[PDB]
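The structure appears below as structure tokens.
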Amino acid sequence: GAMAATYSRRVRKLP
Amino acid sequence: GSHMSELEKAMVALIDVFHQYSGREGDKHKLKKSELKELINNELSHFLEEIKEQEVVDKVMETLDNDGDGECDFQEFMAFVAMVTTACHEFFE
Amino acid sequence: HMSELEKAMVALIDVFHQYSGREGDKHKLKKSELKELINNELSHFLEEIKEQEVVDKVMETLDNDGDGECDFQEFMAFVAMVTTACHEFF
Ligand SMILES: [Ca+2]
Ligand SMILES: [Ca+2]
Ligand SMILES: [Ca+2]
Ligand SMILES: [Ca+2]
């Protein structure tokens with residue numbers, strides 16, 4: 001909060 | 001552990017906020033500049049200054065768009081999240 | 001009142017700092033901290049890491065500045081990678 005303005009190895013199955 | 005971790009719930013939220021805005025107009029799997037604008041203005045109102053100039057959203061979308069299709073897909077949105085998160089972190093060390 | 005998106009970003013930072021702070025360089029994840037992060041905090045998205053070779057490969061993939069460890073920017077690329085893969089199955 002300043003702020004920054006702008007301009008700047010295996011997956012499971014899982015149900 | 002067996003509970004969904006904060007990391008894993010963080011990730012889910014990234015997916016959810018994307019689809020909640022990408023689903024609004026046109027392609028439901030991509031953010032056109034209008035959707036991206038709303039996302040940033042409504043969900044990053046503490047980290048990013050509000051966008052009201054069209055030129056800004058054009059420039060942000062230009063930097064974000066690497067498939068060159070004029071819209072932000074999820075992979076490209078993650079890159080954007082990475083960038084923003086990294087910036088806030090740089091002011092935290 | 002921070003948004004869900006903003007809270008998610010902060011939690012990404014908080015978990016990196018929790019694990020990176022345990023051993024050695026307190027601002028980077030070494031291989032052992034990385035294996036623990038994945039096994040402890042990603043057990044529903046990634047298969048458990050049981051073998052050294054797997055940690056080696058992951059760190060090798062993640063380590064783009066060549067120092068053998070994973071800094072925060074390299075961690076975000078990891079999170080982008082994983083989240084994007086999961087995004088498919090949803
Ligand atoms: Ca859309
Ligand atoms: Ca695109
Ligand atoms: Ca460390
Ligand atoms: Ca590195």
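Scope of the values below: all heavy atoms of this structure, side chains included, with no hydrogens, waters or symmetry mates. Reminder, nothing fancy here: chain letters follow the sequence lines and each chain counts from 1. We count ligands from 1, going down the list as the structure has it; atoms in each ligand are counted the same way.
Residue contacts to the Ca ion (ligand 2): B/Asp73 brings no N, O or S atom closer than 3.0 Å.
Residues C/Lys31 and C/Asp56 are paired through a salt bridge, judged by an N-O separation under 4.0 Å between the basic side chain and the carboxylate. A salt bridge is absent between B/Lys37 and B/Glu35: the closest approach of a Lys/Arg side-chain nitrogen to an acidic carboxylate oxygen does not fall below 4.0 angstrom. Between B/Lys30 and B/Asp69 a salt bridge is recorded (basic side-chain N to carboxylate O distance below 4.0 Å). Salt bridge B/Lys9/B/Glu6: absent, no basic N to carboxylate O contact under 4.0 Å.
Contact detail for B/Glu8 and C/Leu42: the closest heavy-atom pair is OE2-C, 3.1 Å. Minimum heavy-atom separation, C/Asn64 to C/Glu74: N-OE2, 3.0 Å.
For C/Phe16, the ring pair (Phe, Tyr, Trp, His ring centres under 6.0 Å) partners two or more places apart in sequence, or in a different chain, are C/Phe72, C/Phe75.
Per residue B/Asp65, closest N, O or S atom to the Ca ion (ligand 2): atom name OD1. Summary: OD1 is the N/O/S atom of B/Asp69 found nearest to the Ca ion (ligand 2).
Centred on the Ca ion (ligand 2), the OE2 atom of B/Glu76 and the OD1 atom of B/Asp67 lie at an angle of 70°, reported to 10°.
Side-chain contact between C/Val54 and C/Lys50 is absent, with no heavy-atom pair separated by less than 4.5 Å.
At a cut-off of 3.0 Å, measuring from the Ca ion (ligand 3), the protein N, O or S atoms that fall short of it are C/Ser20 O, C/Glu23 O, C/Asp25 O, C/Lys28 O, C/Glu33 OE1, C/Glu33 OE2, waters left aside.
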